[PDB]
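Below you'll find the structure, written out as structure tokens, and then a few comments.
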Amino acid sequence: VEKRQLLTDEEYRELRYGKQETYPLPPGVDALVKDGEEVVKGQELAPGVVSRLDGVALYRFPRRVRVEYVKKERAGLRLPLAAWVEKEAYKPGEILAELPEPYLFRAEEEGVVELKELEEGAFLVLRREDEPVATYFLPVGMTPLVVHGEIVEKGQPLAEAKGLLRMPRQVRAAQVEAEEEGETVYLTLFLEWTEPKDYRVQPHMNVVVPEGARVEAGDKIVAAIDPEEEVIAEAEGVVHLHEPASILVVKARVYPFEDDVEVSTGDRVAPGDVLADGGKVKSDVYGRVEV
Amino acid sequence: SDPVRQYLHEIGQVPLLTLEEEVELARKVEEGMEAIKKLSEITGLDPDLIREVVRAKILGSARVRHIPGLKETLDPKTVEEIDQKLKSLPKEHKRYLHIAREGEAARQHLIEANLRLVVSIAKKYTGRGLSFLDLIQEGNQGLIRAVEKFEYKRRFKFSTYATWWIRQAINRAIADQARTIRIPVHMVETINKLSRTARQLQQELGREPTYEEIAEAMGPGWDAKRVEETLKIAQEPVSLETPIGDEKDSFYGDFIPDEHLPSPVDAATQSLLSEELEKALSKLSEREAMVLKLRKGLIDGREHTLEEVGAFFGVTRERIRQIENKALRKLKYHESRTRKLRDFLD
DNA sequence: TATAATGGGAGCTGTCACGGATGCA
DNA sequence: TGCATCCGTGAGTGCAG
Numbered sequence: 147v148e149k150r151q152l153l154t155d156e157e158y159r160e161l162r163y164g165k166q167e168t169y170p171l172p173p174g175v176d177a178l179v180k181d182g183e184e185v186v187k188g189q190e191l192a193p194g195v196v197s198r199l200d201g202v203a204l205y206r207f208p209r210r211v212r213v214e215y216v217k218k219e220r221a222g223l224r225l226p227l228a229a230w231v232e233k234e235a236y237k238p239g240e241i242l243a244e245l246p247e248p249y250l251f252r253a254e255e256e257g258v259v260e261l262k263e264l265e266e267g268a269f270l271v272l273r274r275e276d277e278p279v280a281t282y283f284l285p286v287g288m289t290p291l292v293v294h295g296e297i298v299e300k301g302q303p304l305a306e307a308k309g310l311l312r313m314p315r316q317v318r319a320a321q322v323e324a325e326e327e328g329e330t331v332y333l334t335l336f337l338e339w340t341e342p343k344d345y346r347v348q349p350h351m352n353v354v355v356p357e358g359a360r361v362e363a364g365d366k367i368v369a370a371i372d373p374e375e376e377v378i379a380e381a382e383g384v385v386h387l388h389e390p391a392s393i394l395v396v397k398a399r400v401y402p403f404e405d406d407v408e409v410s411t412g413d414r415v416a417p418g419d420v421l422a423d424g425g426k427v428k429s430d431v432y433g434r435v436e437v
Numbered sequence: 078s079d080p081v082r083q084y085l086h087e088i089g090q091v092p093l094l095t096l097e098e099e100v101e102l103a104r105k106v107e108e109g110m111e112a113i114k115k116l117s118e119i120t121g122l123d124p125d126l127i128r129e130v131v132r133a134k135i136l137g138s139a140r141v142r143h144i145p146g147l148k149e150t151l152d153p154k155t156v157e158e159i160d161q162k163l164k165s166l167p168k169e170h171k172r173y174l175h176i177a178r179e180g181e182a183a184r185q186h187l188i189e190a191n192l193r194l195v196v197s198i199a200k201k202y203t204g205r206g207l208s209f210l211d212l213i214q215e216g217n218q219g220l221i222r223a224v225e226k227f228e229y230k231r232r233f234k235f236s237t238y239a240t241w242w243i244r245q246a247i248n249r250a251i252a253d254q255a256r257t258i259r260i261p262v263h264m265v266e267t268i269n270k271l272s273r274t275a276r277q278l279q280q281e282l283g284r285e286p287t288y289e290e291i292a293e294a295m296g297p298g299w300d301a302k303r304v305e306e307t308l309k310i311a312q313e314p315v316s317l318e319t320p321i322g323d324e325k326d327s328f329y330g331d332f333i334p335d336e337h338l339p340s341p342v343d344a345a346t347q348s349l350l351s352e353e354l355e356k357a358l359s360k361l362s363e364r365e366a367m368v369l370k371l372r373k374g375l376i377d378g379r380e381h382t383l384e385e386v387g388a389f390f391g392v393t394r395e396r397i398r399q400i401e402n403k404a405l406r407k408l409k410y411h412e413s414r415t416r417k418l419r420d421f422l423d
């Protein structure tokens, strides 16, 4: 565009403020793409919603915040020796034993059952008075034969194994200790996995954590007007955003940082100028800064 | 072409907020002010002087003008200068320069977003001395007030709180610039009182009321006299170019004499006096026709009582008051021959 | 100062002729 | 390039009014 040229208002907003277009989604319907996501024209962003330009989509208002909280603990399982595969760990989905015929996994203490079911798989915890006695781990293929809140003595069947049994996919086998005795081995696996707890964000509140951020106990996820109805992070986990109000498909260029930023929000800038971090990160394009 | 459909169109571009974007922008504006005096007591400069600098850099150098009230002239050198001992702070202190900047940016989108609301209020204050747009702009003017005073935490929509400052600001303009003769906003307020109460009186009586029928229903401290002189200051002037006749070859102003400047009769009548009285000082004595020519003025007047009379006349204080009598005396006999003075008393 | 309120409203008519500046096959 | 076509500018005097 040359000196002494007549631009309409929109034209001037493009050249001076840049293209961007926000799209609403049917309330509840989730995001076929997700936050931070670079995308381009005609690309499906939700069942009925598709973008008509290029750029870096951004989430507006997540109504559903899910925290995958992290667990690392110790659980055991006894199996026939001629039916388990030897490995010192079990990547998720990884087959760890196969049983010729069904074999019943029996108790090795007495107490009340604390059943803890997972997407695929299950935990079983026994306890005489409210101290724990044992933590058994049912993999995939072992079908529990108890209910939560239930009494078992030594040696009655808890689960039944049938055929192949494999690790679940959310769950890891960090280290695996085995010990033979009789015609069985009893693994104490150092399992690792995470659990979903879905939080609801309300119109007068604002999630204050990015996508995939790490938090400890205490850390604040959502804020609100009154200190109640805030969501604090129960303990260690990391965050996820589903169900935004709608998503803004900007045409910009993102540049993460690690330390103090040298440019504030509002600044005009060209390529090559020093954005943040002592001069490492720098501008690709001509454009308009948004810290 | 039509300067209202024009503005009705620019407005129709900024989308209306939704409940989250409402509370988002409002929230950011609140926090940004907090940020600004946290940002003030760290560096110790001044909240406002600091606020204008946030303001400049967000809107662009497009606008900057030495803001009345700030102590230094806010020229683009002091905005780089001061934006410097700003970005000079630790990431946990210069944390708030990003907060302010975000605030000012949300200030705007929240004003710009809610202009269609002002329109829908000024629309019904028409025909009151101010034009639609004039009313809109005033309306807007108040809207700005509404954001710097909003409290998103009270949970009310924005519409609700602003519909107060908006009409508060129309109504102050309708009442401060409408009349060619500006009358304090409170006198304007009581005037409208007479109007509205007179109207009901008429709707009650079947005829317009008298002065006293107003002073009664207007209550105590109100007499007929005081309703009357209130109405005559209520009185709006009229155009010198008002049309006289159904043609247009005479102006109401053309039938209005110019009382101020002297007429040629008067102009001449003055010059013949102020010398045929100089034609009665140099007739008997010109130093007694000079000390009483300085007991008043040939031009400017010189007359007090006893004080400069006592300074430089040559003579003592109550001796000039005696040749004051004889200077006058001589003129009262002097002016029984040159009797050409009586006419000048009209 | 706090429910909520979010794009206007009235056109005016029955002259004419010339000269200039602009749009269009 | 030549010619519709629109926009802007004029349209008597004085006196009573």
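Listed in order, the protein sequences are those of chains D and F. If you use the authors' numbering, the first sequence corresponds to residues 147 to 437, in order. If you use the authors' numbering, the second sequence corresponds to residues 78 to 423, in order. Note that the Cβ used here is the ideal one computed from N, Cα and C, for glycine as well.
Item                                                                                                                         : Value
7 Å Cβ cut-off: residues of chain F touching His350/D                                                                        : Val100, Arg232
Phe269/D versus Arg209/D - alpha carbon distance                                                                             : 31 Å
Member of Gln302/D, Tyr163/D, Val355/D, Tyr401/D whose CA lies at the smallest distance from the CA of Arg212/D              : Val355/D
Short Cβ contact (9 Å threshold) for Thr267/F with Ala357/F                                                                  : no
Alpha helix (DSSP H) segment containing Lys162/F, residue limits                                                             : 153-164
Entirely enclosed alpha helix (DSSP H) segments - the region 208-238 of chain F, minimum 4 residues                          : 209-226
Where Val368/D falls, given that 16 or more other Cβ within 10 Å makes a residue buried                                      : buried
Identified DSSP bridge partners for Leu311/D                                                                                 : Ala243/D
Which of helix, strand or coil DSSP assigns to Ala275/F                                                                      : helix
Opening and closing residue of the beta strand (DSSP E) in which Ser197/F lies                                               : Careful: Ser197/F lies outside any beta strand (DSSP E), inside the alpha helix (DSSP H) at 192-199.
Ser392/D, enclosing beta strand (DSSP E) - first and last residue                                                            : 392-396
Contacting residues, own chain, Cβ-Cβ under 7 Å from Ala235/D (five flanking each side not counted)                          : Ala319, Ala320, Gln321, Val322
Chain F contact for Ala391/D (CB, 9 Å cutoff)                                                                                : yes
Cβ separation of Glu362/D and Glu389/D, assumed to be a contact under 8 Å, to the nearest whole Å                            : Their Cβ separation, rounded to whole angstroms, is 25 Å, which puts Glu362/D and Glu389/D out of contact at 8 Å.
DSSP state of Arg244/F mapped onto helix, strand, coil                                                                       : helix
Cross-chain neighbours of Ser429/D in chain F, by beta carbon under 7 Å                                                      : Residues of chain F passing the Cβ test: none, with the nearest at roughly 17 Å.
CB contact check: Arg346/D to chain F, cutoff 9 Å                                                                            : no
Per-residue contacts from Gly412/D into chain F (C-beta, under 7 Å)                                                          : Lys134, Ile135, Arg178, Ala182
Contact set between the region 198-210 of chain D and chain F, restricted to residues whose Cβ is under 9 Å from the partner : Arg206, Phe207
Element boundaries [alpha helix (DSSP H), containing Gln399/F]                                                               : 394-411
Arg256/F versus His143/F: straight-line alpha-carbon distance, rounded                                                       : 32 Å
Assigned secondary structure, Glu101/F (DSSP; H/G/I helix, E/B strand, else coil)                                            : helix
Whole-number beta carbon distance between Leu311/D and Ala253/D, since they are thought to touch under 8 Å                   : No, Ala253/D and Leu311/D are not in contact; Cβ-Cβ is about 18 Å, not under 8 Å.
Closer than 8 Å: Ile310/F CB and nearest the ligand GTP heavy atom                                                           : No copy of the ligand GTP occurs in the structure displayed, which carries no ligand at all.
Chain-ordered neighbours of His263/F on chain D, where CB pairs are closer than 8 Å                                          : In chain order: nothing, as chain D lies at least about 39 Å away.
DSSP bridge partner residues for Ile188/F (one or two, in chain order)                                                       : For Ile188/F, which the question treats as bridged, DSSP gives no partner whatsoever.
For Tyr158/D, three-class secondary structure by DSSP                                                                        : helix
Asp344/D - partner residues in DSSP beta bridges                                                                             : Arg212/D
Opposing strand residues paired with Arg224/D [DSSP bridges]                                                                 : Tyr332/D
Entirely enclosed alpha helix (DSSP H) segments - the region 337-372 of chain F, minimum 4 residues                          : 341-353, 365-368
Local Cβ density within 10 Å of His337/F, reported as buried at 16 or more and exposed below that                            : exposed
is_contact[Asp181/D, chain F] using C-beta, thresh 9 Å                                                                       : no
Distance between beta carbons of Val279/D and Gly257/D, contact taken as under 8 Å                                           : 5 Å
Straight-line gap, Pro170/D to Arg346/D (C-alpha atoms, nearest Å)                                                           : 19 Å
Minimum Cβ-Cβ distance from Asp405/D to chain F less than 9 Å                                                                : yes
Contacts of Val437/D in chain F (Cβ-Cβ under 9 Å)                                                                            : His175, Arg178, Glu179
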